[PDB]
Structure formats: structure tokens, C-alpha cells
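One chain follows as C-alpha cells, the form deposited without the named molecule.
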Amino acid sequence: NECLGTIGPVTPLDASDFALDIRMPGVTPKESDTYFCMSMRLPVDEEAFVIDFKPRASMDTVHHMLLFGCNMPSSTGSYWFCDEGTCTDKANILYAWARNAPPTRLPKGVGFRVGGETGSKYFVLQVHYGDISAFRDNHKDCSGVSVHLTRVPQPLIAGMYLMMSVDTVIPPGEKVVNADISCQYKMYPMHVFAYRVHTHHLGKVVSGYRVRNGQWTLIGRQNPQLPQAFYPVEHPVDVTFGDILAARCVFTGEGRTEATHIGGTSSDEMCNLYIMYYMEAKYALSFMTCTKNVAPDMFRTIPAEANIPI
């Protein structure tokens, strides 16, 4: 969408609300599959809540976009290459826009807390450019996201539960390799409303479950070779103190001459499940992570759907 020029990136909406436009600074990629990142410091120091996102993408050039909150972006520059980087501290995903899979709105009453003493001080925007045939006129791209911020405290607070593999090894030619992740939940209740899967080219299927008294309840199941948007949960699912969260990525090693481990390049793999939730404001925390497998034997009773392509 058009570069903003003289009016700048901040639009006053109310005596308590404003829109912040986070856009690439007129970039022109020279190669296919280029990842550009840029950052924006929040204009306010006090606590604010992110309550809406509007995509400002070219429907010709942009393949996907992600928006993160963090305190230390990887570069102090105007823009940089980030094949998967973003920040030096923890990059907290807030929004995904995927071509051919339209985003779903935040439920009303729900917001991410940012700024203040403990919230993100920066937004970091990652834009993935696919086919660069539309850049033949050498035009400058200002694609990005418009974010609606308010100072009005929200009754429900949005957060992310990230489940990720660390130790996976996929030997070459191997028909099937499973990456299993599991943790005990020990916070106040969260309600999952959306999910995103992330794998590289070897991933076949990713599934996430809440396990309670041995019973498996589906959160999300998706082919990671399909556009990696945040997809809505079929049915709102609570996760409560005592529950186990379990996830499985199914990989193959076929077409590879050497072993494939977890890493940041296309020659490596990832097994990431992003579980987007809301919590009551007075109970809420903004992020949780599972990088372990605390109940490995539990996976004997995983539903069969977790083992076959969607």
C-alpha cells in the first residue's frame, strides 16, 4: 500500500486511541524469496493495548508478513535482511498475514499489552517477498501493517504459548520422524482462540492437543506447507492448571542426502506451534514457552489423525 510521505506513521483516532502504520521504507528486492525486516519504537512510554491490525500489502509481491514485539531489534538500521531473525531478545509474535489465507480478527475485548515497564518497546515487521516479477519497473515497496493502539485497559489480554522442538534429528531417507513436545500447564486458565504452525520443507503435519485425565482434545492440526497464517480454533478450548499440552510434528528425510537438525536455515528444520490465547486481565500473563517433552510415554495414546496428512 502507498508510502505515507508527509503525514507520517501516526494517526490520532480519539482522545485515547491512535493508529500506527508500520511499513517498509520504500524497498526494492533484487532476488526471489527475500526477507526484509524493519523496526519501530512505540511513540508512547506508558502501557498500551494492541486491539486491531489491518494489512497494507501488495497483492502481487508480498507472500507473507509477520509482526513481533520485542525490546532489542537485531539491527539499528533502516531495514535489514532477516531470513528468520528479528530480535536479540525474545521476539513475541502478534500477527501473521499470509497470502491465500486471510487473517481472523481479535475477539472484541481482547488486546495485547505493550509498552510501559514490562511490555514490548518495539515492533518488528518481517516481509517475505515471493515472485519479484512485479518489481520489473523498479518501484519502491511500502508494504506493512496498521496497528490500532489504545490506552483503555482491556478486560481480556492476549498472549502466546509457544511449543518448539530443540533436539530433533532427521536421518537422510527416513520415511517418518516424529518431533514430540509436552509440558505441564501451571498458570491461571487460558482460552485458545487461534493457532499457527511452522516447519520448513520436510514437515508433513503439525498437531497440538490439550490432554486432561488422559483425554486428548484437539487445538489445531495443519499442513505446514499450506500458508502459515493464524487459523481460528474450531472450538474455543480452555487450558487449566494440571493439563498437559502436547504437540507432534511429522517429518520425512526423503530427498535429503545428509541428516537434518533444528536450525535457522532452509537446510534445517523447525517444529513450532504458536497457540494464541486470551486470559482474564487480572490473571493474564503475556507469554509461555515449552521446549521439553515431560511425558514422552503419553504419546502412545495420541489420536491417529496426528500421524496422517490433512
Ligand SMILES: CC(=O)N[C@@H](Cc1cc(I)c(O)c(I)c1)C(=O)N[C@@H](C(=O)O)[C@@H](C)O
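Throughout, we count residues from 1 along the sequence that is shown. Shifts are known only where both forms have a C-alpha. For clarity, a rigid core is taken as the largest C-alpha set superposing within 1.5 Å between two forms.
Beyond what is shown, the protein has a form deposited with the named molecule bound; the following relates to that form.
Scan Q154, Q222, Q126, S182 and let me know which has any heavy atom within 4.5 Å of the named molecule in the bound PDB entry.
Contact check passes for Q126.
Which residue among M279, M270, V250, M38 has a heavy atom within 4.5 angstroms of the named molecule in the bound PDB entry?
It is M270.
Taking the partner as it appears in the bound PDB entry, which of 133-141, 83-91, 168-176, 117-125 has residues with heavy atoms within 4.5 Å of the named molecule?
Going through the listed ranges, the match is 83-91.
With a 4.5 Å heavy atom cut-off, would you call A48 a contact of the named molecule in the bound PDB entry?
Heavy-atom contact with the named molecule at 4.5 Å: present for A48.
My question is simply whether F299 lines the interface with the named molecule in the bound PDB entry - judged by any non-hydrogen atom within 4.5 Å.
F299 lies outside the contact set for the named molecule.
Answer for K54 alone: is it within 4.5 Å of the named molecule in the bound PDB entry, judged on heavy atom distances?
Output for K54 is yes: heavy atoms within 4.5 Å of the named molecule.
Look up in the bound PDB entry whether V62 has a non-hydrogen atom within 4.5 angstroms of the named molecule, and give yes or no.
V62: no contact with the named molecule in the bound PDB entry.
Suppose contact means any heavy atom within 4.5 Å; which members of 176-198 contact the named molecule in the bound PDB entry?
Contacts from 176-198: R196, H198.
Against the rigid core, a Cα displacement of 2 Å or more between the shown form and the other one applies to just one of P107, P232, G85, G130. Which?
After core superposition, the one over threshold is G85.
Please say whether the CA atoms of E84 and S78 come closer or move farther apart in the bound PDB entry, knowing the change relative to this form is 3 Å or more.
Here the pair is farther apart than in the bound PDB entry; there, closer.
What direction does the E84-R196 Cα distance move in the bound PDB entry compared with the shown chain, closer or farther, given a change of 3 Å or more?
Result: farther.
Can you list the runs of 3 or more residues whose CA atoms move by 2 Å or more between the shown form and the other one, with the rigid core superposed?
After superposing the rigid core, the only shifted stretch between the shown form and the other one is 83-85.
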